[PDB]
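**Student:** pasting the first bit of my complex, frame unchanged:
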Amino acid sequence: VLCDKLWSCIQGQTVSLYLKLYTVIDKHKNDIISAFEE
């Protein structure tokens, strides 16, 4: 209903959190975000 914009999106883009945070990892090691993201 609303998590599809919010959190079912996040349940459809779960790995895309760290994958989208990797977008700053070529432009301008990876433990404390990609292992223990809470």
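**Tutor:** Sure thing, it's come through. Numbers count the residues shown, from 1 in each chain, chains lettered A, B, ... in the order given.

**Student:** just the strands in chain A please.
**Tutor:** In chain A, no segments count as strands under DSSP state E.

**Student:** buried residues in the longest helix that it contains?
**Tutor:** Criterion DSSP state H: the longest helix present in chain A is helix A:16-21. Buried positions in helix A:16-21, judged by neighbour count with 16 or more other C-beta atoms under 10 Å: none. Every C-beta, even on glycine, is put in place using the N, C-alpha and C of the backbone.

**Student:** what does it contact?
**Tutor:** Outside of helix A:16-21, the residues within contact range by C-beta atoms under 8 Å, 6 or more residues apart in numbering are A:10, A:13, A:33, A:34, A:37.

**Student:** Give me the neighbour count for the fourth one.
**Tutor:** Using other C-beta atoms under 10 Å, residue A:34 has 14 other residues around it.

**Student:** Contact partners for it?
**Tutor:** residue A:18.

**Student:** ok, now the last one?
**Tutor:** Applying C-beta under 8 Å, 6+ apart to residue A:37 gives the contacts A:17, A:18.

**Student:** distance of it from residue A:8?
**Tutor:** Look at residue A:37 and residue A:8: by C-beta to C-beta, to the nearest Å, they are 18 Å apart.

**Student:** just the helices in chain A please.
**Tutor:** Using DSSP H, helices in chain A cover A:3-6, A:16-21.

**Student:** out of those helices, nearest to residue A:27?
**Tutor:** helix A:16-21 (12.0 Å; C-beta to C-beta).

**Student:** Run the chain-centre distance for the closest one.
**Tutor:** Chain-centre distance of helix A:16-21: 3 Å, with C-alpha atoms, centre = their mean, to the nearest Å.

**Student:** now for chain B:
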Amino acid sequence: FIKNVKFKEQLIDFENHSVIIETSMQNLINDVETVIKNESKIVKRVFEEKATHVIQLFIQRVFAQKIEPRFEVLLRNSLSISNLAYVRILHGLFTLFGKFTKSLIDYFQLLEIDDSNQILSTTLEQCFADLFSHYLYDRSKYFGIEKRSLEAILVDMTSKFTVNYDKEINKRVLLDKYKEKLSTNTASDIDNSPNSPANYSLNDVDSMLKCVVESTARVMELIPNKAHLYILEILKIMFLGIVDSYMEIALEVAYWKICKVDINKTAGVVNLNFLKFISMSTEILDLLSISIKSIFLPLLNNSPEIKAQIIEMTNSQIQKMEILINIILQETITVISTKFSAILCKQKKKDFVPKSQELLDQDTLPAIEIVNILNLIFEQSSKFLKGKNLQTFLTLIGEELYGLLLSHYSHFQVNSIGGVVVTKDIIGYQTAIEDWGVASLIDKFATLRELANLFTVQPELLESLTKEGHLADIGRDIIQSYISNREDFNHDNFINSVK
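**Tutor:** If we add chain B to the chains shown above, we get the following:
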């Protein structure tokens, strides 16, 4: 293929461009400059056409050799340190591209061909514009992400400036979520001075003016003629940082000092808050007003939307921030007004409801609460605080002390010799409110002094002493009944005068 050596950073201070490193490609730019003069003389001899291919394909081989490899490597390393690092060092980096470009202008003058002195020169400047175009002005990378890292350094070095004043001296509601959310629609710290913030002490405004006017100058002179838009963008980000984060955060610092608003018998946390808001006025309002005025006079180029930065950005922060501070000087005026009014009239039933019609003519809680409330209120800071609001602090806070004289001194409800205790305690406050730091009370509390000699209407001193000059601060039919403000009115037939 450098690996981003120290240091990296040592450059994020509240100043101009700073420490390491060179460039080290200005090494390579000088090497391409004397290599440029070398192949300039050589190919000047050994060719037929001149710009072809020296300016044509060997300037192309210059930037294709250097500015492709070494300068995008320099963007990779300088950006690989940080953003505002490579924003300021992008201003310095491309400023060095203008340096060596100007060395190709004088080195262009070492050449002597007119179509080469035409846009074949500006082909080298156009490949300089291509090195510009890899981090092009057409995107929000070169300006809006420069404004974003400028917001990183702006909120960083400016929001966390006045550190314990911005965060925190309150919750912070601090009458900005309380009074301005009600009227325009109390102990919070104790007790010294305007001590970073206000403002802080104009040095944070010199810090935010230093770095923010610094990078504002950097993207100003650096970027193209599309400048007044971003000048209104980052200048409105100074309307964030100064007209909102220092008129309503670092002067919500000062309104956490005006979180001692409504300070009735609470004039100790407004004994250090007169100088705090008074120096928000002085440093923040004077320094930010004249500095934003004359600095804005340079900043406006020729536009009439620049007047929308004059009126709606700047002058509506003088009218809007005038609605911020003077309404918090209206409720701070209610803090000192409720202070002297409530606290100075808070004497008990032997002074402020005295029936002592033939005795008790001395000093009491009118003098102790008038000199304590007011002379601990405004003769702590506000006597030496605002000269930035000189006739307003002194003449208007003392004019409300005259209003407080109408609440404490001309409203001291004592009888026919207790009125003489107002003529030694509220006339003992009339000169004392005129020394209490809110000190305009030498004429209207002196009107309460002659009314105090009128409020002592006994059966031998009721008619003409009440009929004196400023003893018409007692009532028109309540001259003889000047102690009708008391328990007993005027001792057996108060009202034999109006007929």
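
**Student:** Grab the CA positions of the longest helix of chain A and hand them over as PDB.
**Tutor:** Taking Å, rounded to 0.1, in the frame of the first residue of the first chain, the C-alpha atoms of helix A:16-21 are listed here in PDB:
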ATOM      1  CA  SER A  16      20.400  -1.900  -3.700                       C
ATOM      2  CA  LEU A  17      21.000  -0.100  -0.400                       C
ATOM      3  CA  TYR A  18      24.700  -1.100  -0.300                       C
ATOM      4  CA  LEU A  19      24.700  -1.300  -4.100                       C
ATOM      5  CA  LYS A  20      23.500   2.300  -4.300                       C
ATOM      6  CA  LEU A  21      26.000   3.300  -1.600                       C
END
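
**Student:** Now do residue B:298: how many residues are near it, please.
**Tutor:** Other residues near residue B:298 come to 9 when the count uses other C-beta atoms under 10 Å in any protein chain shown.

**Student:** tell me which element it is part of?
**Tutor:** Secondary structure from DSSP states H and E places residue B:298 in helix B:288-299.

**Student:** What residues of that helix count as buried?
**Tutor:** Within helix B:288-299, the residues scored as buried using 16 or more other C-beta atoms under 10 Å in any protein chain shown are B:288, B:289, B:291, B:292, B:295, B:296, B:299.

**Student:** So which of those is the closest to chain A?
**Tutor:** residue B:299 (30.4 Å; C-beta to the nearest C-beta).

**Student:** so the closest one sits right up against residue B:231, yeah?
**Tutor:** Yes: using C-beta atoms under 8 Å, residue B:299 is in contact with residue B:231, at 5.7 Å.

**Student:** Also, this goes in as chain C:
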Amino acid sequence: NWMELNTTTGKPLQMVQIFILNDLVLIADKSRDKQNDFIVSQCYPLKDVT
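**Tutor:** Okay, here's chain C dropped in alongside the others:
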């Protein structure tokens, strides 16, 4: 050939041919107007040119 200056900042502006006629001025940016037919005419009359 007066390569003009941005008068406020003191930086350079674009270049301009200075065409001082008998009684009118043509401070014309001929860039990239390589003519000298319809170049950028910062123009006025000389009788009130200051």
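
**Student:** The contacts of residue A:34 again, this time with chain C added?
**Tutor:** Counting by C-beta atoms under 8 Å, 6 or more residues apart in numbering or on different chains, residue A:34 touches residue A:18.

**Student:** who's in contact with residue C:39?
**Tutor:** Counting by C-beta under 8 Å, 6+ apart, residue C:39 has contacts C:17, C:26, C:28, C:29, C:30, C:33.

**Student:** sorry, back to before: show me the contact partners of the helix or strand just after the helix holding residue B:298.
**Tutor:** Note on helix B:288-299: by DSSP H and E, the next helix or strand toward the C-terminus is helix B:307-308. By C-beta under 8 Å, 6+ apart, the residues outside helix B:307-308 that reach it are B:232, B:300.

**Student:** can you give me how far helix B:307-308 is from the chain middle?
**Tutor:** Its chain's C-alpha centre and that of helix B:307-308 lie 21 Å apart, by C-alpha atoms, centre = their mean.

**Student:** cool, stretch B:174-188 as well?
**Tutor:** Chain-centre distance of stretch B:174-188: 18 Å, with C-alpha atoms, centre = their mean.

**Student:** buried set for it?
**Tutor:** For stretch B:174-188, by 16+ other C-beta under 10 Å, it's B:174, B:175, B:176, B:178, B:179, B:180, B:186, B:188.

**Student:** Then stretch C:43-50?
**Tutor:** Buried-residue list, stretch C:43-50, by 16+ other C-beta under 10 Å: empty.

**Student:** Can you get me a residue count around the residue of chain C with the smallest separation from chain A?
**Tutor:** Chain C approaches chain A most closely through residue C:11 (29.7 Å), counting by C-beta to the nearest C-beta. Using other C-beta under 10 Å, residue C:11 is surrounded by 9 other residues.
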